[PDB]
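All chains are named by letter (A, B, ...) in the order of the sequence lines, taking the proteins before the strands, and each is independently numbered beginning at 1. Heavy atoms only: backbone and side chains are in, while hydrogens, waters and symmetry mates are out.
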Amino acid sequence: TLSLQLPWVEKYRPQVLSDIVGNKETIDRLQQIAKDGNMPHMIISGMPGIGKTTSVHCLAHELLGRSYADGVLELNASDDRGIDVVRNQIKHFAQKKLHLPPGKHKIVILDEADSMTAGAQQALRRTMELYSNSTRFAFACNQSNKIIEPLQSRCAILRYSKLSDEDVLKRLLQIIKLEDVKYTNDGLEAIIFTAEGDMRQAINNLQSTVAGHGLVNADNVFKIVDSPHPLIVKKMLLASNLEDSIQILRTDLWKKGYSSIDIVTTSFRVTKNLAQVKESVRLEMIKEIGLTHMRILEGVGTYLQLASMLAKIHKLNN
Amino acid sequence: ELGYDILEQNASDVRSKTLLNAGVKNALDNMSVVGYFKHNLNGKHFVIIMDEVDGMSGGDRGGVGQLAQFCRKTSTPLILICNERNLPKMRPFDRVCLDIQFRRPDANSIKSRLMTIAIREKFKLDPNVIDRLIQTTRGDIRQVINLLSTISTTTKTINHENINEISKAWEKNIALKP
Amino acid sequence: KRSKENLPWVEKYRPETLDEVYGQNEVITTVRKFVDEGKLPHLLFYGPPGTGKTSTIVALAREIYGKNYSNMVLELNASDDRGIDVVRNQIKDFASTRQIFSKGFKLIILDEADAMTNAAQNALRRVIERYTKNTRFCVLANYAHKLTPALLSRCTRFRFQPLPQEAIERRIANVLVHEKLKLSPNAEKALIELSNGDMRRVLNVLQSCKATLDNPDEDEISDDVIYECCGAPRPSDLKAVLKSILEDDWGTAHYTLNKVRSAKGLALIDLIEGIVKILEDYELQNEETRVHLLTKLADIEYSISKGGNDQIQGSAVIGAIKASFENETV
Amino acid sequence: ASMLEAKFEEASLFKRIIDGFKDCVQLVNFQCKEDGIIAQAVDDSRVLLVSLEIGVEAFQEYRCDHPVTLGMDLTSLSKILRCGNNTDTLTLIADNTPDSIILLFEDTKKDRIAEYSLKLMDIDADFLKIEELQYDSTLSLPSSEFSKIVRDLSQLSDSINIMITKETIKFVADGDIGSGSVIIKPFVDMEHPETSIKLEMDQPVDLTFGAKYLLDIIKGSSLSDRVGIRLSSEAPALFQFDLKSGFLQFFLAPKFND
Amino acid sequence: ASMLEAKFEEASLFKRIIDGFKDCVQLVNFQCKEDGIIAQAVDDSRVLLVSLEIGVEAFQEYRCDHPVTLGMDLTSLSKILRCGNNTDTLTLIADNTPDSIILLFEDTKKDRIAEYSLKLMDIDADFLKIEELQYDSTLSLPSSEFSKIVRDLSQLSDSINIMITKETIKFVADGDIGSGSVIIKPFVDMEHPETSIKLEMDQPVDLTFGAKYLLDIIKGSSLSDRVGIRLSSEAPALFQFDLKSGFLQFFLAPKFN
DNA sequence: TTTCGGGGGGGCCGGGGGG
DNA sequence: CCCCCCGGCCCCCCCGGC
Ligand SMILES: Nc1ncnc2c1ncn2[C@@H]1O[C@H](COP(=O)(O)OP(=O)(O)OP(O)(O)=S)[C@@H](O)[C@H]1O
Ligand SMILES: Nc1ncnc2c1ncn2[C@@H]1O[C@H](COP(=O)(O)OP(=O)(O)OP(O)(O)=S)[C@@H](O)[C@H]1O
Ligand SMILES: [Mg+2]
Ligand SMILES: [Mg+2]
């Protein structure tokens with residue numbers, strides 16, 4: 001078959017600010033800005049798949065209307081964004097003459113701005129300062145720390161928070177109603193649990209489950225979406241007896257095809273984020289895990305090394 | 001104020017060694033045509049402002065050393081602006097220019113300005129929380145004004161009720177020094 | 001390249017259709033259903049070496065486009081340049097343009113994407129998003145930690161498990177039929193055991209075994225042939241060595257280890273692995289015995305990986321096992 | 001040096017043919033048979049297909065006992081070709097099951113001989129027969145005019161949109177700094193037939209193409225003074241340049257309408 | 001597409017005029033009135049001023065209801081202009097409150113029309129008033145000679161010194177590698193007046209200028225066969241190239257003594 | 001400080017085209 | 001025959017985890 005079905009992430013991508021879930025206060029602020037205009041330079045930061053690009057595009061559309069094509073300059077990591085681009089194309093766009101209503105400005109949308117080089121960011125400073133009367137800049141990024149301090153000083157900070165399970169369930173229910181998808185409460189709970197606050201991941205998993213099995217229930221959802229291995233690693237590290245930890249390692253991780261490097265890196269991360277355990281114990285476990293990680297990187301990526309790491313961790317915990 | 005003609009350069013312009021030699025180098029000892037056609041006794045002389053001097057990258061082709069050499073024979077006033085004076089790139093400027101430090105302004109010096117802005121924009125600001133806002137911005141006045149502009153769009157009263165949330169949301173995460 | 005009979009068995013038996021991929025029934029069924037109704041999403045295939053990921057994606061492309069699939073897909077791997085410039089120009093142009101031959105959608109196969117740079121992966125995000133209406137992406141990986149979370153967020157994940165024993169048996173039967181070979185049940189069991197779920201190992205060992213037989217037509221591949229060609233210890237040798245270590249005194253254990261190793265020139269690392277596998281099933285009253293065994297044997301394995309004195313390493317193995325098992329009394 | 005032996009009276013012809021598409025593709029499989037030489041290649045992006053055909057009449061002497069496939073790299077072939085002069089005859093020589101191809105430049109008047117050898121490469125790119133397609137529009141125009149239009153419009157934007165409607169051909173580009181539009185109409189002159197603009201229309205068409213691909217395609221204007229463009233809504237655009245005993249064809253896929 | 005309609009019967013003239021001062025200024029404000037078109041621009045270094053004037057006699061059909069100001073990025077304008085031939089007529093069309101202007105290249109013999117749109121720029125540069133001044137030295141010489149002298153001298157140093165004394169013109173360059181000099185005297189030939197070097201000196205003059213600015217100025221030599229240099233004691237030098245119904249002027253500020 | 005590899009930006013050099 | 005535009009090496013400078 002040479003035909004494609006449009007992904008539901010694109011088909012049901014919000015087109016207005018009112019269709020975005022989560023971060024209610026920021027969405028209301030953006031709605032007020034759209035109503036009144038005078039949009040300032042802004043930096044929107046947050047975790048993947050929470051509606052940052054969607055928010056920026058919706059704000060630009062509501063602000064500009066018919067003028068969107070002329071008054072919006074969009075650049076992302078897939079386009080050329082070197083110092084020359086900033087110095088020529090962005091400057092030309094900023095200096096461009098464009099008659100707009102008495103409360104609107106041209107918009108430059110720099111998506112994934114955290115990937116831009118230091119030189120381009122430095123060149124953007126006086127460009128933003130001088131042409132603010134007619135042009136405004138909207139950065140979208142995952143890590144606001146990558147944006148240099150002078151640019152942060154020039155922009156309004158908007159830190160997006162993770163989506164609660166309630167909002168994900170609400171959006172999934174809207175999509176299900178619009179698509180007439182047969183489902184069960186347990187299946188939706190499994191999808192939400194596996195998504196971990198990633199709306200895009202949740203929608204993709206729902207669409208894949210519907211396509212592959214039809215009915216959205218726990219069995220089909222877990223068949224399509226594998227249980228995250230970090231939870232398995234956490235269970236392995238928290239086991240009371242060495243035999244149980246070895247059992248988990250051999251059955252749920254090693255026999256499923258997970259590589260030793262992945263297992264050791266996930267163990268390091270989980271141990272780092274193990275608040276239930278005393279910090280000094282966590283540091284000793286990290287020392288052992290690092291020894292094992294160095295051994296694996298050298299080339300000895302065997303099940304015996306991971307078993308020895310588990311044995312040392314249990315000896316420390318005892 | 002002193003009736004000079006300003007020739008400003010910044011990071012948005014090419015300031016390599018070749019461009020510097022073929023650019024502002026000729027302006028060190030050159031009369032300003034605008035000054036002549038706008039006739040103060042100093043209006044015919046340039047004041048070369050090199051802003052964002054730390055924004056140029058390059059050990060030798062960047063032109064930092066070339067700017068340092070220019071600083072030793074300029075026939076007109078030359079003012080350089082940078083954010084990090086102690087960076088290795090700034091070594092050529094060790095003992096060739098008069099160094100002037102601009103410290104983070106205290107809350108009192110800007111409380112009057114903040115109150116003026118608050119009343120003019122017709123939103124209420126509590127003077128007892130202003131210092132906290134400064135602590136949020138680490139003395140960045142532009143950031144403080146931006147914070148007020150963005151918050152006032154929906155919340156027309158600023159006081160101890162919501163000071164904590166506003167400060168936490170807009171906290172400036174600056175990388176610490178060694 | 002005069003004929004397909006000149007190719008190594010690992011490549012001469014490469015599946016050409018989705019019906020020739022074994023041990024991945026769930027993934028094959030799901031992808032077949034996706035393609036049948038035109039609901040193919042962006043795909044990720046994560047799995048260990050030699051499980052059938054490249055074979056599966058190539059078979060899927062051939063099924064979608066037919067024999068002339070190479071000209072209608074953009075395939076990139078670790079042997080080709082995949083920098084940020086490549087993503088910006090070549091991948092973008094392929095994704096944004098129509099097919100030359102047909103009017104169908106376009107497929108981009110990023111094999112071994114775990115070797116891609118972070119900048120290229122980041123650049124791929126909006127490329128995947130913008131052109132999803134007419135283009136689909138497939139990613140293949142052995143190590144998931146090398147893939148950025150943004151890329152993983154946009155793909156549907158399929159895990160290729162280590163090949164089950166039944167699938168290996170069926171493929172061995174097909175290969176035996178094609179090659180006109182005979183294999184004993186014990187030889188098949190040993191081959192499956194040493195495979196560790198990798199088909200390439202099975203095929204290479206089978207080719208070596210065929211090369212070993214004096215008369216490949218009349219002769220049958222026995223477990224002895226497999227052990228000789230692979231130069232691996234027999235289960236009886238491992239059992240004897242372990243029994244001597246556990247029961248006999250130091251002199252007798254040393255003599256037995258040396259004699260067993262010198263009989264067929266076995267490697268110490270293979271003996272250590274076999275003994276570890278045997279001891280895994282042992283029921284130990286004290287966990288400290290298991291702790292000592294694992295730690296000391298892992299240390300010895302790491303030391304062997306860098307060379308060193310072989311006799312001292314063997315004595316170390318003997319002493320480690322004896323000391324660890326001394327903790328089962330009190 | 002007997003299996004395949006082909007002769008070009010002037011080496012400039014083969015050099016110009018190679019330069020016509022050397023910037024589009026890098027690896028090409030030349031198939032030589034008793035009826036002449038053919039070649040088909042696809043660029044790395046898989047957006048452009050180049051198809052070259054050279055008949056026997058283009059050669060002073062041509063002999064090919066059995067069909068032979070020769071895989072070559074374009075830059076190496078061009079580097080070897082540029083050695084020869086414009087007054088020297090060229091000879092391509094290949095043996096049975098060859099691992100290399102020999103290029104011989106001869107200058108009888110000066111008794112000058114120059115031999116070069118190029119190692120062949122194994123390319124598993126089978127010749128894909130391009131089934132003939134009926135096109136909505138077929139327009140033949142001077143090569144220089146098309147090259148000028150492409151070079152002018154490519155500066156404004158990275159995409160060029162071609163519209164064919166009743167007695168009119170329009171080339172449009174829209175970019176950051178502005179837009180450009182060129183309108184041409186059919187016109188025939190008996191005094192200067194080489195400058196005529198010929199258009200045959202069945203259905204109107206409107207297709208967008210990448211500017212870089214058109215810039216590469218126009219490099220074949222040297223081979224022929226006229227270019228024929230065949231356009232259909234359901235088929236890729238075909239740009240053909242006619243040689244004395246052959247042709248060079250570029251099949252370019254249009255951009256997705258979205 | 002009604003207010004401003006300005007026609008050049010060859011597109012080559014406008015392209016040449018733009019190329020005359022393209023390398024010294026980037027953003028230019030073209031003010032078009034009933035009388036004609038004027039443009040005043042200041043280079044980045046703020047030491048060179050370019051003044052272009054084009055009269056209505058230079059247009060096949062010029063019409064402008066009310067004065068209009070157009071912001072031009074010379075790079076984009078030149079890129080647009082290079083798409084047209086000399087034999088074709090070039091028409092500039094500008095409407096009310098224009099965000100862009102239209103350039104139309106038309107071929108009379110053929111039926112080919114090329115329409116381009118150029119986006120205008122927001123330029124807030126102030127306009128400087130140039131009052132007439134009585135220079136103490138005024139010379140006229142062939143443009144090719146001045147261009148050759150400037151190019152030869154610029155190869156040595158970044159500064160050129162010009163001395164005007166009784167029936168003597170001197171151009172000197174002093175650099176690190178070496179120095180060079182060139183001396184000319186007024187001369188007039190009736191058979192070839194176009195090479196007649198003329199000088200009118202009221203008082204002796206001596207002024208230094210930058211090499212890059214002179215190299216930019218001489219790029220307009222193609223516009224006019226002759227070039228006029230006016231120098232005063234302590235005022236910028238004026239380099240003039242005359243057009244059929246217009247002029248191009250470069251006011252260059254000298255280096256302080 | 002720095003043991004590869006990738007990315008970016010700037011400087012010349014030289015082929016080709018135009019006058 | 002000489003000058004200018006513009007593609008390609010050559011070099012040098014800077015991250016490298018999440
Ligand atoms: N708050 C949301 N409400 C509704 N849909 C959402 C929301 N967030 C994400 N989605 C859905 O997921 C798709 C992608 O959302 P995006 O805006 O691209 O997330 P993102 O944070 O910009 O991703 P990154 O940071 O570039 S990895 C949208 O088209 C929506 O269909
Ligand atoms: N499921 C399978 N069924 C049949 N043969 C297989 C299978 N998997 C692997 N093989 C055989 O081993 C060879 C290699 O298979 P591949 O598809 O290349 O494995 P792979 O997972 O892509 O290896 P990596 O991840 O690049 S190390 C095939 O040509 C087959 O001959
Ligand atoms: Mg995004
Ligand atoms: Mg593979």
Looking at the angle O4'-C1'-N9-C4 for a purine or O4'-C1'-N1-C2 for a pyrimidine, is G/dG17 syn or anti, with syn meaning within 90° of 0?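 Classified syn.
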
Backbone N or O of B/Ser12 within a donor-acceptor pair of the A/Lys91 side chain at under 3.5 Å?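 Here the side-chain-to-backbone pair exists.
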
[X] [atom1] - [N] [atom2] separation (whole Å):
X        : N      : atom1 : atom2 : value
D/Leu215 : G/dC5  : CG    : P     : 19 Å
C/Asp85  : F/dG5  : CG    : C1'   : 16 Å
D/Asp23  : G/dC6  : CG    : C1'   : 14 Å
A/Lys146 : F/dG7  : NZ    : P     : 14 Å
A/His293 : G/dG17 : NE2   : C1'   : 12 Å
C/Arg82  : F/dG5  : CZ    : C1'   : 15 Å
E/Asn85  : F/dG19 : CG    : P     : 11 Å
B/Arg61  : G/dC13 : CZ    : P     : 6 Å

Is there a side-chain contact between [X] and the phosphate of [N], meaning an N or O under 4.0 Å from OP1 or OP2?
X       : N      : answer
C/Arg88 : F/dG7  : no
B/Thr18 : F/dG11 : yes
B/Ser57 : F/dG8  : no
B/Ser16 : F/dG11 : yes

What nucleotide among G/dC18, F/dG6, F/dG8 has an atom nearest to a side-chain atom of C/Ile84?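 Looking only at side-chain atoms, C/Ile84 lies closest to F/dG8.
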
What's the gap between [N] and [M] when it is taken at their [atom1] atoms, as a whole Å value?
N      : M     : atom1 : answer
F/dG11 : G/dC3 : P     : 24 Å
G/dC18 : F/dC4 : P     : 22 Å
G/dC12 : F/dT2 : P     : 15 Å

Can you tell me the pairing partner of F/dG15 across any strand shown, Watson-Crick or G-U wobble, with both distances under 3.5 angstrom?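 G/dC5 - that is the nucleotide pairing with F/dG15, both distances being under 3.5 Å.
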
Got a salt bridge between [X] and [Y], using NZ or NE/NH1/NH2 to carboxylate O under 4.0 Å?
X        : Y        : value
E/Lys219 : E/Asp216 : yes
B/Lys89  : B/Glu84  : no
C/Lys92  : A/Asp79  : yes

Would you say the side-chain atoms of C/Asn122 and A/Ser115 include a donor-acceptor pair closer than 3.5 Å?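 No, A/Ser115 and C/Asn122 have no side-chain donor paired with an acceptor closer than 3.5 Å.
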
Could one point to a donor on the side chain of A/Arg269 or the base of G/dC18 with an acceptor on the other under 3.5 Å away?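 No pair found.
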
Output, in order, the C-alpha distance, side-chain angles, deciding distance and verdict of ring-ring contact (aromatic ring centres under 6.0 Å, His included) for A/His293 and A/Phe268. CA-CA 9 Å; A/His293 185 203; A/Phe268 180 95; 7.7 Å; no

Quick one: on DNA chain G, does C/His145 or B/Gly59 contact a more 5' nucleotide (nearest heavy atom)?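 Between the two, 5'-proximity favours B/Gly59.
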
Nearest nucleotide by nearest heavy atom, which residue falls closer to the 5' end of DNA chain G, B/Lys89 or C/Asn118?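 Nearest nucleotide further toward 5': that of B/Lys89.
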
Check every strand shown and say whether D/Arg151 touches a base, only sugar-phosphate, or nothing at a heavy-atom separation below 4.0 Å.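 Since no nucleic acid heavy atom lies under 4.0 Å of D/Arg151, the category is nothing.
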
Base, sugar-phosphate or nothing for E/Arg82? Non-hydrogen atoms, less than 4.0 Å.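 No contact.
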
Both distances under 3.5 Å and Watson-Crick or G-U wobble geometry: does that hold for G/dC10 with F/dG10?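 Given the Watson-Crick and G-U criteria, F/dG10 is paired with G/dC10.
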
